[PDB]
Every structure is written in structure tokens, then in C-alpha cells.
>>> print(open('work-v1.cif').read())   # mmCIF, C-alpha atoms and all ligand atoms
data_final
#
loop_
_atom_site.label_atom_id
_atom_site.label_comp_id
_atom_site.auth_asym_id
_atom_site.auth_seq_id
_atom_site.Cartn_x
_atom_site.Cartn_y
_atom_site.Cartn_z
CA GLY G 10 129.14 135.14 118.89
CA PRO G 11 126.55 132.35 118.56
CA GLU G 12 127.67 128.75 118.05
CA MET G 13 128.27 127.33 114.55
CA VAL G 14 127.98 123.78 113.17
CA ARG G 15 129.48 123.04 109.69
CA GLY G 16 129.21 126.71 108.67
CA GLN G 17 125.58 127.07 109.88
CA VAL G 18 124.71 129.49 112.71
CA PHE G 19 122.68 127.98 115.59
CA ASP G 20 121.35 131.02 117.48
CA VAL G 21 120.16 129.00 120.49
CA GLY G 22 122.34 130.20 123.41
CA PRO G 23 122.66 130.60 126.25
CA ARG G 24 120.14 127.89 127.25
CA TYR G 25 121.47 125.33 124.74
CA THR G 26 125.27 124.73 124.31
CA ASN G 27 127.84 122.03 123.16
CA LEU G 28 126.31 121.67 119.67
CA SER G 29 127.23 118.60 117.61
CA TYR G 30 126.09 117.73 114.07
CA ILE G 31 123.52 114.88 113.79
CA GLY G 32 122.00 115.29 110.32
CA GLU G 33 120.47 117.61 107.77
CA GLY G 34 118.04 118.04 104.89
CA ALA G 35 116.84 120.28 102.10
CA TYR G 36 116.19 123.31 104.32
CA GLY G 37 117.37 122.33 107.79
CA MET G 38 120.01 120.88 110.06
CA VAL G 39 119.79 118.75 113.19
CA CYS G 40 122.25 118.93 116.11
CA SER G 41 122.59 117.36 119.53
CA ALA G 42 122.98 119.87 122.36
CA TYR G 43 123.08 120.28 126.17
CA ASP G 44 120.13 121.99 127.88
CA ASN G 45 121.71 124.02 130.70
CA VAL G 46 118.31 124.74 132.33
CA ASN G 47 117.08 121.09 132.54
CA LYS G 48 120.54 119.34 132.63
CA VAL G 49 119.80 116.90 129.81
CA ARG G 50 120.94 116.53 126.22
CA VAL G 51 118.45 117.44 123.46
CA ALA G 52 118.13 117.44 119.65
CA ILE G 53 117.75 120.80 117.89
CA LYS G 54 116.28 120.93 114.41
CA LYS G 55 117.04 124.23 112.63
CA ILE G 56 114.50 124.96 109.85
CA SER G 57 114.87 127.76 107.28
CA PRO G 58 111.65 127.74 105.16
CA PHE G 59 110.81 131.38 104.56
CA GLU G 60 112.10 131.85 100.98
CA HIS G 61 109.73 129.16 99.59
CA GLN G 62 105.94 128.75 99.91
CA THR G 63 106.02 124.93 99.97
CA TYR G 64 108.64 124.90 102.75
CA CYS G 65 106.56 127.34 104.84
CA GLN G 66 103.41 125.23 104.29
CA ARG G 67 105.23 122.08 105.40
CA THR G 68 106.88 123.73 108.40
CA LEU G 69 103.50 124.98 109.72
CA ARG G 70 102.03 121.47 109.34
CA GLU G 71 104.99 119.81 111.08
CA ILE G 72 104.84 122.25 114.00
CA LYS G 73 101.03 122.16 114.39
CA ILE G 74 100.86 118.36 114.25
CA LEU G 75 103.78 117.63 116.59
CA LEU G 76 102.55 120.14 119.18
CA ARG G 77 99.15 118.42 119.30
CA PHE G 78 100.37 114.83 119.34
CA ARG G 79 101.41 113.24 122.60
CA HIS G 80 102.48 109.63 122.24
CA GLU G 81 105.40 107.50 123.37
CA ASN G 82 106.28 106.36 119.81
CA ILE G 83 106.13 109.85 118.23
CA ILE G 84 108.85 112.49 118.77
CA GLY G 85 107.58 115.53 120.75
CA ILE G 86 108.47 119.21 120.71
CA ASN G 87 109.96 120.32 124.07
CA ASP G 88 110.74 123.95 123.06
CA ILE G 89 110.89 126.29 120.06
CA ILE G 90 113.40 129.10 119.67
CA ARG G 91 112.92 132.01 117.26
CA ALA G 92 113.45 135.80 117.14
CA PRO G 93 111.11 138.14 119.07
CA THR G 94 109.99 139.97 115.84
CA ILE G 95 108.65 138.47 112.56
CA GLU G 96 110.94 140.75 110.50
CA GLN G 97 113.96 139.22 112.30
CA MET G 98 112.67 135.59 112.18
CA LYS G 99 114.77 133.96 109.45
CA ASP G 100 114.94 130.53 111.17
CA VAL G 101 113.00 128.29 113.56
CA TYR G 102 114.65 125.91 116.02
CA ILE G 103 112.68 122.89 117.24
CA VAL G 104 114.01 121.34 120.48
CA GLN G 105 113.25 117.65 121.03
CA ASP G 106 114.44 114.66 123.06
CA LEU G 107 117.73 113.29 121.85
CA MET G 108 117.55 109.77 120.48
CA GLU G 109 120.71 107.72 120.01
CA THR G 110 120.36 106.67 116.35
CA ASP G 111 117.86 105.93 113.58
CA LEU G 112 116.90 102.63 111.94
CA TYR G 113 118.75 103.48 108.70
CA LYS G 114 122.04 103.73 110.64
CA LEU G 115 121.34 100.63 112.71
CA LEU G 116 120.71 98.53 109.57
CA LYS G 117 124.18 99.52 108.16
CA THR G 118 125.99 97.99 111.16
CA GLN G 119 123.76 95.13 112.41
CA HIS G 120 121.54 92.19 111.39
CA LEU G 121 118.45 92.27 113.66
CA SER G 122 117.03 89.27 115.54
CA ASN G 123 113.37 88.33 115.01
CA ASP G 124 112.71 89.50 118.58
CA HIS G 125 113.99 93.02 117.68
CA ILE G 126 112.28 93.18 114.29
CA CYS G 127 109.02 92.17 116.00
CA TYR G 128 109.38 94.78 118.78
CA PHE G 129 110.28 97.62 116.40
CA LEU G 130 107.38 96.80 114.08
CA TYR G 131 104.97 96.77 117.03
CA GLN G 132 106.14 100.28 118.03
CA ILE G 133 105.96 101.65 114.46
CA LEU G 134 102.34 100.50 114.20
CA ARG G 135 101.38 101.65 117.72
CA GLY G 136 102.52 105.20 116.78
CA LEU G 137 100.93 104.96 113.33
CA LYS G 138 97.65 103.91 114.94
CA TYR G 139 97.76 107.16 116.83
CA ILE G 140 98.74 109.19 113.70
CA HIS G 141 95.96 107.63 111.57
CA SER G 142 93.35 108.09 114.37
CA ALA G 143 94.18 111.82 114.18
CA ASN G 144 93.33 111.78 110.42
CA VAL G 145 96.97 112.44 109.65
CA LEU G 146 98.97 110.81 106.86
CA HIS G 147 102.71 110.76 107.55
CA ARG G 148 103.69 110.16 103.89
CA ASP G 149 107.44 109.73 104.49
CA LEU G 150 107.88 106.64 106.61
CA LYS G 151 111.33 105.09 106.06
CA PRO G 152 114.22 103.86 108.23
CA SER G 153 115.92 107.30 108.62
CA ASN G 154 112.62 108.71 110.06
CA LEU G 155 112.48 106.07 112.80
CA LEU G 156 114.55 107.01 115.88
CA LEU G 157 115.93 104.43 118.34
CA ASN G 158 117.53 104.33 121.83
CA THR G 159 119.57 101.56 123.50
CA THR G 160 116.47 100.38 125.44
CA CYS G 161 114.95 99.78 121.95
CA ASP G 162 112.34 102.54 122.41
CA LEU G 163 111.29 103.73 118.96
CA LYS G 164 109.90 107.11 117.90
CA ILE G 165 108.58 108.20 114.52
CA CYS G 166 110.07 111.55 113.43
CA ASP G 167 110.08 113.91 110.46
CA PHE G 168 106.54 115.16 109.95
CA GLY G 169 107.78 117.54 107.17
CA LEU G 170 105.62 115.80 104.52
CA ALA G 171 102.73 115.09 106.87
CA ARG G 172 99.21 116.41 106.47
CA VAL G 173 95.61 116.18 107.56
CA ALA G 174 92.96 114.47 105.43
CA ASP G 175 89.58 114.66 107.15
CA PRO G 176 87.59 111.60 106.01
CA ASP G 177 84.33 113.65 106.06
CA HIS G 178 85.45 115.00 102.61
CA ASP G 179 86.60 113.21 99.44
CA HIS G 180 90.22 114.35 98.90
CA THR G 181 90.57 112.62 95.47
CA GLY G 182 92.26 115.08 93.11
CA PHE G 183 93.52 117.50 95.78
CA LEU G 184 96.45 115.62 97.32
CA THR G 185 100.06 116.58 96.53
CA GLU G 186 101.92 114.44 94.01
CA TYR G 187 105.37 112.90 94.46
CA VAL G 188 105.18 112.27 98.20
CA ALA G 189 107.32 109.76 100.18
CA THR G 190 110.91 108.72 99.45
CA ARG G 191 111.14 106.74 96.19
CA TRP G 192 111.84 103.26 97.58
CA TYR G 193 108.93 103.51 100.13
CA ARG G 194 106.39 104.81 97.64
CA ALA G 195 103.19 102.76 97.21
CA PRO G 196 102.08 101.98 93.65
CA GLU G 197 99.04 104.29 93.86
CA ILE G 198 101.36 107.34 94.39
CA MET G 199 102.42 106.67 90.75
CA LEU G 200 99.01 105.46 89.42
CA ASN G 201 96.64 107.73 91.39
CA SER G 202 98.97 110.62 92.16
CA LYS G 203 96.37 113.06 93.55
CA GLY G 204 93.90 110.63 95.21
CA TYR G 205 95.83 108.19 97.42
CA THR G 206 94.91 107.58 101.12
CA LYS G 207 96.53 106.81 104.53
CA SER G 208 96.97 103.28 103.20
CA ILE G 209 100.24 104.61 101.66
CA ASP G 210 101.74 104.64 105.18
CA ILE G 211 101.02 100.85 105.57
CA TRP G 212 102.88 100.19 102.29
CA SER G 213 105.88 102.14 103.65
CA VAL G 214 105.74 100.08 106.86
CA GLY G 215 105.81 96.93 104.71
CA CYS G 216 108.92 98.19 102.89
CA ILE G 217 110.50 98.89 106.30
CA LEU G 218 109.65 95.36 107.54
CA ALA G 219 111.23 93.93 104.38
CA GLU G 220 114.34 96.03 104.94
CA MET G 221 114.61 94.83 108.58
CA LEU G 222 114.45 91.15 107.42
CA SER G 223 117.23 91.41 104.82
CA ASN G 224 119.22 94.65 105.64
CA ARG G 225 118.52 95.95 102.09
CA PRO G 226 115.68 97.96 100.52
CA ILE G 227 113.14 95.68 98.82
CA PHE G 228 112.18 98.02 95.91
CA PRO G 229 115.29 100.11 95.12
CA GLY G 230 114.18 102.02 91.99
CA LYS G 231 116.42 104.56 90.20
CA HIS G 232 113.56 106.82 88.94
CA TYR G 233 109.78 107.39 89.04
CA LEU G 234 108.62 104.71 86.53
CA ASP G 235 111.44 102.22 87.38
CA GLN G 236 110.13 102.14 90.98
CA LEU G 237 106.83 100.72 89.71
CA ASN G 238 108.67 98.08 87.62
CA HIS G 239 110.61 96.97 90.73
CA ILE G 240 107.30 96.57 92.60
CA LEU G 241 105.68 94.55 89.78
CA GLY G 242 108.88 92.50 89.49
CA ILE G 243 108.20 91.02 92.98
CA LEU G 244 104.38 91.19 93.26
CA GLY G 245 103.75 90.11 89.66
CA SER G 246 101.28 91.75 87.27
CA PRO G 247 98.06 92.90 88.94
CA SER G 248 94.94 90.81 88.46
CA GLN G 249 92.12 92.13 86.26
CA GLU G 250 90.06 92.92 89.38
CA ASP G 251 92.90 95.12 90.77
CA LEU G 252 93.30 96.81 87.33
CA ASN G 253 89.54 97.50 87.23
CA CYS G 254 89.89 99.37 90.55
CA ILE G 255 92.34 101.91 89.01
CA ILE G 256 90.04 104.81 88.15
CA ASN G 257 92.59 106.84 86.14
CA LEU G 258 92.29 105.54 82.54
CA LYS G 259 95.79 106.48 81.33
CA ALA G 260 97.43 104.78 84.38
CA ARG G 261 95.34 101.65 83.79
CA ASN G 262 96.16 101.69 80.03
CA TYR G 263 99.82 102.17 80.95
CA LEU G 264 99.77 98.96 83.08
CA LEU G 265 97.98 97.02 80.31
CA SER G 266 100.92 97.89 77.99
CA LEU G 267 103.51 96.32 80.38
CA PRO G 268 104.78 92.73 79.79
CA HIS G 269 103.60 89.92 82.09
CA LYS G 270 105.63 89.30 85.26
CA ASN G 271 105.06 86.45 87.75
CA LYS G 272 104.78 86.78 91.53
CA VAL G 273 108.03 86.01 93.36
CA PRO G 274 107.08 84.01 96.52
CA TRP G 275 107.98 85.81 99.78
CA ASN G 276 109.71 82.68 101.16
CA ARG G 277 112.05 82.72 98.10
CA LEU G 278 113.10 86.35 98.90
CA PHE G 279 113.27 85.79 102.69
CA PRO G 280 114.02 82.08 103.23
CA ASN G 281 115.02 82.47 106.91
CA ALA G 282 112.20 84.86 107.96
CA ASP G 283 109.52 83.95 110.56
CA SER G 284 106.35 82.75 108.77
CA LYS G 285 104.00 85.13 110.56
CA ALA G 286 106.23 88.05 109.57
CA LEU G 287 105.98 87.08 105.87
CA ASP G 288 102.19 86.72 106.10
CA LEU G 289 102.00 90.21 107.58
CA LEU G 290 104.46 91.54 104.98
CA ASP G 291 102.20 90.14 102.23
CA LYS G 292 99.13 91.93 103.59
CA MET G 293 101.01 95.23 103.95
CA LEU G 294 102.61 95.00 100.48
CA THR G 295 99.27 94.33 98.75
CA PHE G 296 98.94 96.15 95.40
CA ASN G 297 95.26 97.06 95.77
CA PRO G 298 95.01 99.79 98.45
CA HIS G 299 91.40 98.78 99.29
CA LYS G 300 92.55 95.20 100.10
CA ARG G 301 95.71 96.31 101.95
CA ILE G 302 95.63 95.70 105.68
CA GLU G 303 94.82 98.64 107.98
CA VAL G 304 96.79 99.67 111.04
CA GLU G 305 94.44 98.18 113.70
CA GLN G 306 94.20 94.81 111.84
CA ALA G 307 98.01 94.86 111.44
CA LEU G 308 98.45 95.28 115.19
CA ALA G 309 96.12 92.27 115.79
CA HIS G 310 98.07 90.00 113.36
CA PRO G 311 99.54 86.88 115.05
CA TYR G 312 103.12 88.15 114.51
CA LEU G 313 102.59 90.90 117.14
CA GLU G 314 100.49 88.80 119.53
CA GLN G 315 102.94 89.09 122.45
CA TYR G 316 102.70 92.93 122.41
CA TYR G 317 99.17 93.59 121.12
CA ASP G 318 96.95 95.16 123.79
CA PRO G 319 94.34 97.75 122.72
CA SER G 320 93.96 98.96 126.35
CA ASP G 321 97.57 100.30 126.10
CA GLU G 322 97.50 101.79 122.56
CA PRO G 323 96.20 105.36 122.75
CA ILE G 324 94.22 107.02 119.98
CA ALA G 325 94.05 110.79 119.49
CA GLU G 326 91.91 112.79 121.96
CA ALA G 327 91.18 115.51 119.36
CA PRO G 328 91.51 114.38 115.69
CA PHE G 329 92.41 117.08 113.13
CA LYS G 330 89.47 118.33 111.03
CA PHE G 331 89.03 119.94 107.58
CA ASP G 332 89.17 123.63 108.66
CA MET G 333 92.92 123.50 109.42
CA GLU G 334 93.79 121.91 106.01
CA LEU G 335 93.18 125.30 104.30
CA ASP G 336 96.85 126.30 104.19
CA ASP G 337 97.44 127.07 100.47
CA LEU G 338 98.36 130.62 101.35
CA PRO G 339 101.11 133.04 100.31
CA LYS G 340 104.42 132.54 102.14
CA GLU G 341 104.07 135.91 103.98
CA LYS G 342 100.81 134.71 105.58
CA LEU G 343 102.29 131.27 106.38
CA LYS G 344 105.18 133.03 108.17
CA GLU G 345 102.63 134.96 110.27
CA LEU G 346 100.89 131.70 111.22
CA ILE G 347 104.25 130.09 112.11
CA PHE G 348 105.04 133.17 114.22
CA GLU G 349 101.66 132.81 116.05
CA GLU G 350 101.98 129.05 116.51
CA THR G 351 105.46 129.27 118.10
CA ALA G 352 104.51 132.14 120.50
CA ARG G 353 103.62 129.76 123.37
CA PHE G 354 107.39 129.27 123.94
CA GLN G 355 108.27 133.02 124.07
CA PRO G 356 109.01 134.76 127.42
CA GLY G 357 106.20 137.31 126.86
CA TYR G 358 103.30 134.89 126.36
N1 LIG G 401 115.31 113.92 118.01
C1 LIG G 401 116.31 113.38 117.32
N2 LIG G 401 117.27 112.65 117.93
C2 LIG G 401 118.28 112.10 117.23
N3 LIG G 401 118.41 112.23 115.90
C3 LIG G 401 117.52 112.93 115.18
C4 LIG G 401 116.40 113.56 115.86
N4 LIG G 401 115.69 114.17 114.92
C5 LIG G 401 116.30 113.96 113.73
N5 LIG G 401 117.40 113.22 113.89
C6 LIG G 401 118.36 112.76 112.86
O1 LIG G 401 118.54 113.74 111.85
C7 LIG G 401 118.12 113.24 110.59
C8 LIG G 401 117.41 114.36 109.85
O2 LIG G 401 116.26 114.75 110.59
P1 LIG G 401 114.86 115.03 109.83
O3 LIG G 401 114.54 113.81 108.98
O4 LIG G 401 113.87 115.50 110.87
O5 LIG G 401 115.39 116.29 108.99
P2 LIG G 401 114.88 116.72 107.53
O6 LIG G 401 113.40 116.70 107.47
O7 LIG G 401 115.36 118.21 107.18
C9 LIG G 401 115.60 115.59 106.33
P3 LIG G 401 114.36 115.31 105.06
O8 LIG G 401 113.37 116.56 104.84
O9 LIG G 401 115.02 114.88 103.81
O10 LIG G 401 113.40 114.21 105.77
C10 LIG G 401 117.27 112.02 110.89
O11 LIG G 401 117.29 111.01 109.87
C11 LIG G 401 117.90 111.51 112.16
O12 LIG G 401 119.05 110.71 111.89
MG MG G 402 113.91 112.64 107.25
MG MG G 403 111.89 115.73 106.24
#
>>> encode(input="work-v1.cif", output="C-alpha cells", more="lines below")
Ligand SMILES: Nc1ncnc2c1ncn2[C@@H]1O[C@H](COP(=O)(O)OP(=O)(O)CP(=O)(O)O)[C@@H](O)[C@H]1O
Ligand SMILES: [Mg+2]
Ligand SMILES: [Mg+2]
Amino acid sequence: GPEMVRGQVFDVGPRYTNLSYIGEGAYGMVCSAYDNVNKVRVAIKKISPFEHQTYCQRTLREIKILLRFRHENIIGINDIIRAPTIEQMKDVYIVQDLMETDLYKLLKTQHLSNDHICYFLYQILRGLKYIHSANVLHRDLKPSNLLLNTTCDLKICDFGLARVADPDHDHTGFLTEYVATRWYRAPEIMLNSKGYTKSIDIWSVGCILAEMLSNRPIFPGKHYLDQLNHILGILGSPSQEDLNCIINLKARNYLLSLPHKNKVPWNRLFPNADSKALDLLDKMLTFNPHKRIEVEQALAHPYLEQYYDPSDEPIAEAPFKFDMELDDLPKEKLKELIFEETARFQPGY
């Protein structure tokens, strides 16, 4: 029968063989495999979303976005395997280039030189420039979603929480709550849970930069509200100006009830870090999202001056627009759209 990895069927043969476990998640599993047609090794992400509406919604977004993107610092889709009929489609298999490791794993076994930190950060922001220019928010940037090779090429993966937010329309009040992984969650995800912006991805990049400098997460909260206390424990209490910018009255009143905390200087937390890196970290980990540095300005910061070149940093040819955001649909309909969207890889097409 078809190959198995840790009790999970991977119905991908005969093209793809020699399956080995790489990782997993809430409704999927990732393996390495050998592509017998192209004579290369690939990654295969099995995704099983069809029992739940939210999983279907996210799977359609991930597939649509990754198929349209083409960029050196974003993982591509090479192939998609699924059953020839919608009644038989229980799973979707996304075939991608195999990368050697991710940044989470690298940081467990290795302290990184400034040279490497600098190069990785450049690549994260070059990809994010492309993602933001497409009017996409990633919303789950963290070390385990950054893939790395031995040549230090970096690719952003895991667009499972990603979405489109067309800036022609005010999205305040319509965005999903509780996005990102806790430690990489900007303050406004807690204080403005339905009206945050792409600025949340810059915060996550800041957290990643911090983690590359010390090999430990900067804001390791244990639960929703504790995360915010960890943030304020380093940044200090927000100024009155930054409080006045918080539109939600009960979030602003909640902050006004908290005890005063002083700013911990960056050089005290990272005494051996390059000074330009800390200046950039500061601007990324700025409490007020309106004052927080944007991706293009971050690329032009002096820390990345040896790599910055806007003639070699593509933006999206065709940005996503509002029409394709209308995906709050029953799971049966989402399955049909996923079936349609993956048809370009079927023999019959
Ligand atoms: N193309 C690839 N090459 C090598 N490793 C990969 C890969 N794609 C994913 N991985 C590895 O598998 C892990 C899980 O992949 P991914 O994050 O896409 O799955 P997932 O979305 O189900 C987990 P979650 O939903 O919690 O983010 C990654 O952290 C990474 O280590
Ligand atoms: Mg992930
Ligand atoms: Mg994911």
C-alpha cells in the first residue's frame, strides 16, 4: 500500500518515495521525500482541513497566496497532490523545495555571528517587503517559520495564518483575533484585537532579531495577559501620547490600571550586540504601531547597508485586492474552491 510516516498515510506515490518525518502541526504533517521524476529531494506538507471551517479557510488562503508569490525568500509550491474527485479528497499534499533546517532548530545548537544575524535579517525583510507589497499580512512570523540551507539562503514559510488586507478599505473591526504565536505577538493584538495592521509582522521580526542576538525569546509569556506584562516589563509603561492613540476605551483603561514600569535599556539586555542592530531593534519593537518602522525603512537602516539595494528587491507584480478576501463561506464551498484551485496540477487540466 501507500507509504506511512508515524501512523499517517502519505498517498503520494509513485512519483514521491523515501518519506521521512520533518515536522507537524494542528492539522498537518511535513515530510522530506525523493522526487523520482525530477531526481531531487522535496518537502511534502500533508494538510487535512475538511472537518473544520476555519482550517478550510486558512488552507485556501495558504494555497492561493503561495501559488501567486514568486520570490527567492518565500517558499514556493512545486506541485499539489490530491484525489481526482472531491468526494474522495480527504487530504491535500503540497510539494515544495526541501530546506535543511529552520531558525528555531539552528538557535538550539548555535550562537550566531553578527555577520549571520545581519544576513538573515536582510533576507527576512526582503521577503517581507514582497509580502507587504502584495497587501498580505503573514501574522505568524517566528523562528520555526523561517527555513535555512547551508549556503545561508533563507525562506519564509507557513502561510497558514496569512491573509489579504486591501488598504483601499478600513479593516478595523473585521480582523481575526488571537493571531501569531504568543511570544511574537505585538501589543496591539491584545489591545486592538480586531483592528491591527501589517505592522504586526515588523514586531515579530523584532522579536526574531532579539532571539538571534541572545538565543532566547525576548518576551516569553505564559498566557494572553502575561505576554503584555512581559512586553511592558522591557519597554516600560507607554507614554500618554501612545495611550491616547489606543482607540478601544476598555484596553486603554486596562493599561491605566497597571503599575508603573521603567524602560530597560537595550544595551543592558544585549551588552555585546552591534549598536546598529540595537537601534533597529528599538524601532521594530516600538509600542505605538503608527511610530513603528516599516519594512522599506527597515531595509534602508544602516545595519543592513552592505546588502540594501532596491534594484534587487522585487515587489509584487499583481497585489491581492478586496474581492478575494470574501472567504467566510461554509466548509463545503471552501472545499470546492480548494478543489478548483489545485486543479492546475492534475493530469486532466
Ligand atoms: N519546505 C520545507 N523544508 C524543510 N522543512 C520544512 C519545510 N516546510 C516546513 N518545514 C518544517 O516543518 C515544520 C512545520 O511546517 P509548517 O509550519 O508549514 O506546518 P504547520 O503549519 O502545520 C505547523 P503550525 O500550523 O503550528 O505553524 C516547520 O517548522 C519546519 O521545521
Ligand atoms: Mg509553523
Ligand atoms: Mg502553520
>>> closest_residue(input="work-v1.cif", among="G:135, G:203, G:79, G:225", to="residue 278 (chain G)", atoms="only C-alpha atoms")
G:225
>>> residues_around(input="work-v1.cif", residues="residue 306 (chain G)", least_positions_apart="4", cutoff="12 Å", atoms="all atoms listed in the file", output="count of residues only")
17
>>> atom_distance(input="work-v1.cif", atom1="CA of residue 287 (chain G)", atom2="CA of residue 219 (chain G)")
8.8 Å
>>> atom_distance(input="work-v1.cif", atom1="CA of residue 190 (chain G)", atom2="CA of residue 323 (chain G)")
27.8 Å
>>> residues_around(input="work-v1.cif", residues="residue 339 (chain G)", least_positions_apart="4", cutoff="12 Å", atoms="only C-alpha atoms", output="list in words")
residues 59, 60, 61, 62, 63, 64, 65, 66, 335, 343, 344, 345 and 346 of chain G
>>> axis_aligned_box(input="work-v1.cif", around="region 255-264 of chain G", padding_each_side="4 Å", output="lines of an AutoDock Vina configuration file")
center_x = 94.9
center_y = 102.9
center_z = 84.5
size_x = 17.8
size_y = 15.9
size_z = 17.0
>>> closest_atom_pairs(input="work-v1.cif", of="chain G", to="ligand LIG 401 (chain G)", cutoff="10 Å", atoms="only C-alpha atoms and all ligand atoms", output="CSV")
residue,atom,partner,partner_atom,distance
G:30,CA,G:LIG401,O1,8.8
G:31,CA,G:LIG401,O1,5.5
G:32,CA,G:LIG401,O1,4.1
G:33,CA,G:LIG401,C8,4.9
G:34,CA,G:LIG401,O7,3.5
G:35,CA,G:LIG401,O7,5.7
G:36,CA,G:LIG401,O7,5.9
G:37,CA,G:LIG401,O7,4.6
G:38,CA,G:LIG401,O7,6.1
G:39,CA,G:LIG401,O1,5.3
G:40,CA,G:LIG401,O1,7.7
G:41,CA,G:LIG401,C2,7.2
G:50,CA,G:LIG401,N2,9.9
G:51,CA,G:LIG401,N1,7.2
G:52,CA,G:LIG401,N1,4.8
G:53,CA,G:LIG401,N1,7.3
G:54,CA,G:LIG401,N4,6.8
G:55,CA,G:LIG401,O7,8.3
G:56,CA,G:LIG401,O7,7.3
G:57,CA,G:LIG401,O7,9.6
G:64,CA,G:LIG401,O8,9.8
G:67,CA,G:LIG401,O8,9.9
G:68,CA,G:LIG401,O6,9.6
G:71,CA,G:LIG401,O6,9.7
G:84,CA,G:LIG401,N1,6.7
G:85,CA,G:LIG401,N1,8.4
G:86,CA,G:LIG401,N1,9.1
G:103,CA,G:LIG401,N1,9.4
G:104,CA,G:LIG401,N1,7.9
G:105,CA,G:LIG401,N1,5.2
G:106,CA,G:LIG401,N1,5.2
G:107,CA,G:LIG401,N2,4.0
G:108,CA,G:LIG401,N2,3.9
G:109,CA,G:LIG401,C2,5.7
G:110,CA,G:LIG401,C2,5.9
G:111,CA,G:LIG401,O12,5.2
G:112,CA,G:LIG401,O12,8.4
G:113,CA,G:LIG401,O11,7.8
G:114,CA,G:LIG401,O12,7.7
G:149,CA,G:LIG401,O10,7.6
G:150,CA,G:LIG401,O10,9.4
G:151,CA,G:LIG401,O11,9.2
G:152,CA,G:LIG401,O11,8.0
G:153,CA,G:LIG401,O11,4.1
G:154,CA,G:LIG401,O11,5.2
G:155,CA,G:LIG401,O11,7.5
G:156,CA,G:LIG401,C2,6.5
G:157,CA,G:LIG401,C2,8.1
G:158,CA,G:LIG401,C2,9.1
G:164,CA,G:LIG401,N1,8.7
G:165,CA,G:LIG401,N4,9.3
G:166,CA,G:LIG401,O4,6.0
G:167,CA,G:LIG401,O4,4.1
G:168,CA,G:LIG401,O4,7.4
G:169,CA,G:LIG401,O6,5.7
G:170,CA,G:LIG401,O8,7.8
G:189,CA,G:LIG401,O10,9.4
G:190,CA,G:LIG401,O9,8.6
>>> closest_residue(input="work-v1.cif", among="G:283, G:322, G:336, G:288", to="residue 124 (chain G)", atoms="all atoms listed in the file")
G:283
>>> decode(input="work-v1.cif", residues="region 152-173 of chain G", atoms="N, CA and C atoms", output="mmCIF file, in the first residue's frame")
data_model
loop_
_atom_site.group_PDB
_atom_site.id
_atom_site.type_symbol
_atom_site.label_atom_id
_atom_site.label_comp_id
_atom_site.auth_asym_id
_atom_site.auth_seq_id
_atom_site.Cartn_x
_atom_site.Cartn_y
_atom_site.Cartn_z
ATOM 1 N N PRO G 152 10.785 31.966 14.624
ATOM 2 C CA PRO G 152 11.943 31.213 14.080
ATOM 3 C C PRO G 152 11.621 29.877 13.371
ATOM 4 N N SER G 153 10.596 29.152 13.825
ATOM 5 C CA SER G 153 10.235 27.861 13.200
ATOM 6 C C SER G 153 9.588 28.017 11.821
ATOM 7 N N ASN G 154 9.152 29.231 11.473
ATOM 8 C CA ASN G 154 8.623 29.540 10.125
ATOM 9 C C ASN G 154 9.662 30.233 9.203
ATOM 10 N N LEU G 155 10.934 30.158 9.571
ATOM 11 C CA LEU G 155 11.997 30.652 8.740
ATOM 12 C C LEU G 155 12.914 29.481 8.415
ATOM 13 N N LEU G 156 12.937 29.070 7.150
ATOM 14 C CA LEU G 156 13.730 27.926 6.689
ATOM 15 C C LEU G 156 15.097 28.371 6.183
ATOM 16 N N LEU G 157 16.107 27.534 6.436
ATOM 17 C CA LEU G 157 17.514 27.814 6.146
ATOM 18 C C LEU G 157 18.241 26.620 5.503
ATOM 19 N N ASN G 158 19.166 26.934 4.592
ATOM 20 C CA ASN G 158 20.062 25.972 3.944
ATOM 21 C C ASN G 158 21.488 26.205 4.463
ATOM 22 N N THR G 159 22.442 25.405 3.992
ATOM 23 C CA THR G 159 23.843 25.555 4.400
ATOM 24 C C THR G 159 24.525 26.749 3.734
ATOM 25 N N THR G 160 24.035 27.175 2.571
ATOM 26 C CA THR G 160 24.509 28.413 1.932
ATOM 27 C C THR G 160 23.906 29.678 2.580
ATOM 28 N N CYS G 161 23.213 29.503 3.708
ATOM 29 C CA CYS G 161 22.520 30.566 4.422
ATOM 30 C C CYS G 161 21.417 31.275 3.613
ATOM 31 N N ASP G 162 20.885 30.631 2.569
ATOM 32 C CA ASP G 162 19.646 31.108 1.948
ATOM 33 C C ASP G 162 18.539 30.913 2.973
ATOM 34 N N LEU G 163 17.630 31.880 3.022
ATOM 35 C CA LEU G 163 16.513 31.885 3.962
ATOM 36 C C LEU G 163 15.211 32.008 3.196
ATOM 37 N N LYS G 164 14.214 31.227 3.600
ATOM 38 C CA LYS G 164 12.866 31.342 3.036
ATOM 39 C C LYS G 164 11.827 31.360 4.143
ATOM 40 N N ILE G 165 10.874 32.281 4.011
ATOM 41 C CA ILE G 165 9.744 32.381 4.906
ATOM 42 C C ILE G 165 8.728 31.293 4.499
ATOM 43 N N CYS G 166 8.276 30.513 5.475
ATOM 44 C CA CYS G 166 7.240 29.504 5.217
ATOM 45 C C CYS G 166 6.043 29.690 6.126
ATOM 46 N N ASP G 167 5.116 28.755 6.012
ATOM 47 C CA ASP G 167 3.920 28.687 6.841
ATOM 48 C C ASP G 167 3.028 29.901 6.721
ATOM 49 N N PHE G 168 2.316 29.958 5.595
ATOM 50 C CA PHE G 168 1.295 30.981 5.343
ATOM 51 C C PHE G 168 -0.117 30.548 5.796
ATOM 52 N N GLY G 169 -0.180 29.637 6.771
ATOM 53 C CA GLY G 169 -1.453 29.121 7.304
ATOM 54 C C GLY G 169 -2.300 30.124 8.072
ATOM 55 N N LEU G 170 -1.675 31.177 8.619
ATOM 56 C CA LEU G 170 -2.411 32.283 9.255
ATOM 57 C C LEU G 170 -2.445 33.545 8.403
ATOM 58 N N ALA G 171 -1.980 33.454 7.162
ATOM 59 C CA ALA G 171 -1.791 34.652 6.352
ATOM 60 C C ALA G 171 -3.099 35.087 5.732
ATOM 61 N N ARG G 172 -3.190 36.367 5.399
ATOM 62 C CA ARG G 172 -4.390 36.872 4.743
ATOM 63 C C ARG G 172 -4.107 38.132 3.967
ATOM 64 N N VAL G 173 -5.115 38.536 3.196
ATOM 65 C CA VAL G 173 -5.081 39.757 2.421
ATOM 66 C C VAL G 173 -5.854 40.826 3.172
#
